[PDB]
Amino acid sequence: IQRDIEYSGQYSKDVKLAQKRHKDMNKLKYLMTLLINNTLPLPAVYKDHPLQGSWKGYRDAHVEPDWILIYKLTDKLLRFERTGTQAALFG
């Protein structure tokens, strides 16, 4: 068993929008690299935690106070699911 890396179609759109809105993409890249490299658990600054409701099975890390990464992590997969504001991702 080797864990894969996945990106939802929506994730790619979300990343393009973050770029367009002048977010500091290096901050998202750093977080993604920690996950990809299995340098886990993440440090406390990300406030990483599991989600419920429609996002049950996924996790929530804060890149910034209003910039969230939603991802799934199992033994088999790491999937980057969405990124953006809390309102966009949860509202």
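Just count from 1 along the sequence shown to find any residue number.
Between 2-10 and 80-88, it is 2-10 that carries the larger average Cα temperature factor according to the deposited entry. Split the chain's modelled residues into thirds by C-alpha temperature factor. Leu42 is in the lowest one. Per the deposited record, the Cα B-factor of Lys29 falls in the middle third when ranked against the other modelled residues of its chain. Remark: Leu51 belongs to the highest third of its chain, ranked by C-alpha B-factor as recorded.
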